[PDB]
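Quick heads-up: it's one chain on its own, the form deposited in one PDB entry, in structure tokens.
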């Protein structure tokens, strides 16, 4: 039924308090909210939603929602980034399935030991001591502990303690044996660069200083650079804009995204001072501003200062290109990648190798 909301929530939750939220909703909008707590709602939902019925909103712990999403029974949820930042990131992770958010997280639950302060002022720290405690309580006509033995949720914490688990999780990883430096897409893009060189649209010996000087003197119409370069263009005569990289074969250019980072030397005798400087001086609105006014940093990691920068169209363009690209890996094999690709590009642009032979050699260097 359109124009109202039906909600299902389990009978052990605060469904009367939720109903009070629904009354405020109606009072503000006229839309009636009905809260129900059917038994076995988590089993009924897939059966009724598959026929296009059921409630508008279903509450359960997240463990049930991947099965619902796999069957197409859930709408993708569409919160903007402002709303997403209101909730803890790990709670969104709990409701992501196949890369999409498929629920709103509400609350984080875990079992605890609940004890009667007047019967056991000092509750047992070990399971093994509970039988002796029970013996003393049984002479008083009491028992040490009772909990639900019918639902495995309640017995699982004991089963997992010494090593039981449900499914093993394999952390995300880069496959270092698998590299895309000599595939057809890489060759196509490098061939286009070499064809511009052959056509004398560019020169293979152009380096950072040559390109910067040419652009900042008004000799070339465009350049490719990062935020650190903007300060020198500000001081030049050139009125410049910052925008998306050109597309190739209709697809976006994909710049590697770098996070400028400050590491503390493991040999440093000043680790406490380094922490203080970085946390309490550099990573402040005022600290980042002092660096940024020298040479722009780009988008910054500090949420409070980034909010002040996001307005700048140069920063907007930086983040647009960043979102089309990829974060760099931090793995040790990244330097091998860069050394090999550097040689391949210089060899191909200078005619020391074909594009194919250059990128094949780079691929062999990186993976063998």
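Numbering follows the first chain given and starts at 1.
The records show that residue 255 is included in the coordinate set of every other eligible entry of this protein, so it is not omitted in a third of them.
Compared against other deposited entries of this protein, residue 172 counts as often unmodelled, lacking coordinates in at least a third of those that resolve the residues around it. The PDB entry reports B-factors from which the mean C-alpha value can be compared for 145-153 and 269-277; the larger average falls on 269-277. For the segment pair 19-27 and 5-13, the entry gives 19-27 the higher mean B-factor, averaged over Cα atoms. Highest C-alpha temperature factor among 105, 258, 226, 72 per the entry: 72.
Residue-level inspection of the entry shows that, of 212, 136, 234, 195, 136 has the top Cα B-factor. When the modelled residues of the chain are ordered by their C-alpha B factor, residue 164 lands in the middle third. In the deposited entry, the Cα temperature factor of residue 89 sits in the top third of values across the chain's modelled residues. In this PDB entry, residue 230 carries a Cα temperature factor that places it within the middle third of its chain's modelled residues.
For residue 40, the recorded CA temperature factor ranks within the middle third of the chain's modelled residues. Sorting the modelled residues of the chain by their CA temperature factor places residue 309 in the highest third.
One more form of this protein should be noted, the form deposited in another entry, which is absent from this view; the next part is about it.
A decrease of at least 3 Å in the separation of the C-alpha atoms of residue 93 and residue 327 is found in the other entry, compared with the displayed form. Compared with the form shown here, the Cα atoms of residue 304 and residue 86 sit 3 Å or more closer together in the other entry.
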